[PDB]
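Working notes, structure below.
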Amino acid sequence: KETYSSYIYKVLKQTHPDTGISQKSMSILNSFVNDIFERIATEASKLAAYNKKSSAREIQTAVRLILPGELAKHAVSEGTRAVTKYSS
Amino acid sequence: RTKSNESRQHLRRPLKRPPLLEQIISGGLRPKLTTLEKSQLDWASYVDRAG
Amino acid sequence: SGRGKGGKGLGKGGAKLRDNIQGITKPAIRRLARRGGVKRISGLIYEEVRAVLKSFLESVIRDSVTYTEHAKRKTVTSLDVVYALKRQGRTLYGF
């Protein structure tokens, strides 16, 4: 078993260095992250079945209609900045 | 191996354990009475004697 | 000893409500109503709320039991309820 508590903990720590967490909230965040991941991933799968064929454009477009546009543009922009950082 | 046999015991057996007196009364309260069966004995005797 | 009769033979060994009724109560429904923000209520609500439980709880119960049977698990776990909640359109977080 590999939990995801460490990553959310360090994200909270880099956005709030003196705010604690509760155990129920840990499961809340874990389930939120998991089900959002699954939802967007099956959306990407159906978008791959969308095109008459067997990348990152599919996931960008999938996040582009699943969640409200205001946060969607920030999501795609920061994802692109992340892949540019990871490119080299 | 060529000893003088074993003549020291004289068949010692002091109690340990009495056959029935130990079970019925040693000491009081019918050891491990669990009164249900003591009541069984009492009720059976009473009903037999009273007919 | 042999002659006569008496009780000294121990025994051979023989053998020697599951209907259940619905719960809930009027004060509980009143507290739930006060949570929902109602100033005054009539005297016919409680029967209808009980009907809502009798129409909502049992359906998800059947779906949950058929799911855990489909999982070949001869027990019910809290995680099984989450599948039913997801397919019912009302998902719950935390379990």
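First residue shown is number 1, and so on along the chain.
Cβ atoms are placed via backbone N, Cα and C, with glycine included.
Listed in Swiss-Prot for this protein:
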CROSSLNK  A:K85  ubiquitin cross-link
MOD_RES   A:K1  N6,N6-dimethyllysine
MOD_RES   A:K10  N6-succinyllysine
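Sequence features annotated in Swiss-Prot and their locations in the structure.
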residue	record	DSSP (3 states)
A:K1	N6,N6-dimethyllysine	coil
A:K10	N6-succinyllysine	helix
A:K85	ubiquitin cross-link	helix
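Between the listed recorded positions, namely A:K1, A:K10, A:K85, the fewest other CB atoms within 10 angstroms of a CB are found at A:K1. Taking the Cα atom of each, A:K1 (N6,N6-dimethyllysine) and the residue listed as 'ubiquitin cross-link' are about 30 angstrom apart.
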